[PDB]
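Remarks on the structure that follows.
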Amino acid sequence: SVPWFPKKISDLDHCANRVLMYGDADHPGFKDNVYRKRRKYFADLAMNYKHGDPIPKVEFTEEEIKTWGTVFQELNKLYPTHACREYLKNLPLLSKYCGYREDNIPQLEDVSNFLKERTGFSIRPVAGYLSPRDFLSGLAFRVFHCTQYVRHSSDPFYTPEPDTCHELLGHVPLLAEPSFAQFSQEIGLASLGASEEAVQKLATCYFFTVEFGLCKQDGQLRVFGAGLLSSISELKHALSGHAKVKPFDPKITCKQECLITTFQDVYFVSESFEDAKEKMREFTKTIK
Ligand SMILES: CCc1nc(C)ccc1OCC(=O)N1CCc2nc3n(c2[C@@H]1c1ccc(Cl)cc1F)CCCC3
Ligand SMILES: [Fe+3]
């Protein structure tokens with residue numbers, strides 16, 4: 001029989017709270033009590049959120065805003081030569097309408113309203129790590145589960161855990177692009193009630209596009225993966241000559257191991273978002 005899956009956007013209330021929350025022995029904020037309390041604060045906001053709520057606005061601390069500023073300033077030096085054209089198009093809109101600035105962390109609620117207007121995407125705050133199945137299921141309704149906390153200030157370059165900087169600078173600009181939003185939703189739609197194997201394969205295809213994808217644009221390689229776009233060192237590494245790259249090809253790509261504590265071993269290059277979408281459509285037919 002088919003496993004439980006959401007049939008409407010509010011059904012995400014029943015899975016979006018199935019998470020692994022902070023407390024991570026080697027995490028940089030682990031021995032910091034103020035940080036632990038702060039992470040609990042963010043976790044509770046997510047756990048108590050229900051669909052239809054405005055996303056609680058947060059007053060970020062001076063320390064949090066500086067950490068954001070440090071990350072934001074370095075990445076912006078790189079985007080013009082590293083990010084795909086779609087990302088560059090949308091980022092200035094975010095600055096103008098959502099308050100993206102070195103000295104200000106954008107509110108998820110504002111970003112959510114921006115995306116609802118542009119592509120029908122919306123944000124739901126998430127307390128911690130969701131299963132691949134639950135995470136993908138949100139995409140079926142154009143819902144992106146977003147962490148709201150900030151990485152520990154001791155290491156502004158700590159990326160193996162997604163934080164709000166990753167969400168806001170890595171994912172959001174692409175979710176505001178129609179072709180990309182369609183591509184993402186179709187991964188979610190394919191995952192709904194699918195087999196475990198199918199969910200694994202879709203999650204890996206997602207990983208090597210939405211999180212670590214490269215694309216070829218006017219004969220040059222650019223970056224569209226969120227994980228690269230929020231990671232100063234890997235963003236540089238990926239477009240350097242030292243990285244190994246292969247064509248995006250779902251039946252091959254879905255077998256590749258997804259790495260978290262290190263740079264990827266390989267990056268997959270999609271021709272365009274429209275083409276990646278077509279390739280997934282052919283692929284999803286084979287996994288039922
Ligand atoms: C379909 C995405 C996903 N895949 C897996 C294997 C586990 C969970 C999951 O969704 C929730 C989740 O933990 N993640 C999705 C969002 C995300 N964005 C990033 N990350 C994640 C995170 C995630 C964790 C582990 C793995 Cl293997 C993949 C992930 F996408 C990790 C670090 C780079 C930036
Ligand atoms: Fe991500």
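Hydrogens, waters and symmetry mates play no part in the numbers below; they use all other heavy atoms, side chains included. Counting starts at 1 for both ligands and their atoms, in listed order. One-based numbering along the sequence shown.
- You'll find the ring centres of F135 and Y206 inside the 6.0 Å limit.
- The ligand atoms of ligand 1 that sit less than 4.0 angstrom from a heavy atom of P160 are 32 (C).
- Of all protein heavy atoms, the one closest to atom 20 (N) of ligand 1 is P162 CG, 4.1 Å.
- With respect to the salt-bridge test (charged N to carboxylate O, under 4.0 angstrom), the residues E196 and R133 qualify.
- If you look at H166 next to ligand 1, the close heavy atoms, those under 4.0 Å, all belong to the side chain.
- Of the listed residues (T204, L229, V19, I260), the one carrying the non-hydrogen atom nearest atom 26 (C) of ligand 1 is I260.
- The presence of a protein heavy atom under 4.0 Å from atom 23 (C) of ligand 1 is ruled out.
- With distances taken over non-hydrogen atoms, the option nearest atom 28 (C) of ligand 1 out of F207, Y206, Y129, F212 is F207.
- No hydrogens or angles considered: a donor-acceptor pair under 3.5 Å links the side chains of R142 and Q185.
- Atom NE2 is the N, O or S atom of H171 at the shortest distance from the Fe ion (ligand 2).
- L130 O, 3.5 Å is the protein heavy atom nearest to atom 8 (C) of ligand 1.
- Here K277 does not pair with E186 in a salt bridge; the nearest charged N to carboxylate O distance is not below 4.0 Å.
- With ligand atoms numbered from 1 in the order given, ligand 1 contributes 16 (C), 17 (C), 18 (N), 19 (C), 34 (C) to contacts under 4.0 Å with heavy atoms of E211.
- The residue among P132, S131, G128 with a heavy atom at the shortest distance from atom 4 (N) of ligand 1 is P132.
- Salt-bridge annotation for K89 and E177: present, with a side-chain N of the basic residue lying under 4.0 Å from a carboxylate O of the acidic one.
- Within a 4.0 Å radius of atom 14 (N) of ligand 1, the protein contributes no non-hydrogen atoms.
- Because the distance cut-off is set at 2.8 Å, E211 qualifies as a neighbour of the Fe ion (ligand 2) through one of its N, O or S atoms.
- Residue-ligand proximity, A203 to ligand 1, at heavy-atom distances under 4.0 Å covers atoms 1 (C).
- Using a 30° and 60° split on the angle between ring planes, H171 and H166 fall in the perpendicular class, above 60°.
- Ring centroid separation for the pair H27 and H152 does not come in under the 6.0 Å cut-off.
- The N, O or S atom of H166 with the smallest distance to the Fe ion (ligand 2) is NE2.
- None of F144, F273, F121 except one satisfies the side-chain contact (heavy atoms from CB on, under 4.5 Å) rule with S184; the exception is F121.
- Under 3.5 Å, the side chains of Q200 and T204 contain a donor-acceptor pair of N or O atoms.
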